[PDB]
């Protein structure tokens, strides 16, 4: 419902000594689901605060449609006038207001009568299925209910933009898929532009259609989540978007050599960084009969972990301390020599 133009936006702290954002440029389209991933919670939150109007660019400009809302150290349109709904891990519910009172709060000075406020709060509460707990204080609500009250609070003034900063991090892991699905449903129903920032790529894959990755205050890649996943511009982006094994080796005519492993790829430099995701690795004790996998050499099991009902098997090549982990239905015990296969088209390689 609103287009966001981020034009050469920079943000410094400590009188210039810290550069949290460095010349960020993004054009977010009306109704787009956009995500930001990156190593710095603070930097991502800084970006989010600038979009919300809780902070301003040190240099550069920010537009909502064609309206200049902030520019070069000046706040031009404050948050309450930007048609934004915020679901921020750091913006909690007021503990001594009931759910109703929490949801009604943003309407206090919106020139609405008592009945108008009640009708609006009840309407939103019904849609988010918390109408029946409106009289409860937050402490007496379940985690999912608190999430829903926070979302109702964000939606009560009918925003054009929904901003989410670590929105599911208060919830038990088991409840997050439901919460992500609810946010997806809300966005579809309202058609709001949506911006989500998170440390967790699962939030990005679930909700965002286009994602930018922030490293050291710089937007280093922008694209569909699957494109960042399969075609990352760097090993750092590769790891931000999902699990990956990072190995360093020597470039040779026969491939990149890492001890007893050799990957059939090359780069122009003397050494290379190999990226291979755990799903793109398979181990065996003898050759397999499957031409969709290629042999890269021998390895030895170093250690096994157990997670999600699967065995996390870590190997190293012979004559190397570099590690590769993968997940399996069955264990291969520590010290065992194995053959290492990978998906050829999934090997990522970068110059060192």
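Residue numbers count along the first chain shown, from 1.
Of the two segments examined, 144-152 and 83-91, it is 83-91 that shows the higher average Cα temperature factor in the deposited entry. Of the two segments examined, 216-224 and 103-111, it is 103-111 that shows the higher average Cα temperature factor in the deposited entry. Of the candidates 118, 210, 74, 157, the one whose C-alpha carries the top B factor in the deposited record is 74. Set against one another, the Cα B-factors of 343, 330, 333, 14 in the record reach their highest point at 330. In the PDB entry, residue 201 places in the middle third of its chain by CA B-factor. In this PDB entry, the Cα temperature factor of residue 176 sits in the top third of its chain's modelled residues, the highest group. The PDB entry assigns residue 1 a C-alpha temperature factor belonging to the highest third of its chain's modelled residues.
In the deposited entry, the Cα temperature factor of residue 297 sits in the middle third of values across the chain's modelled residues. In the deposited entry, the Cα temperature factor of residue 19 sits in the top third of values across the chain's modelled residues.
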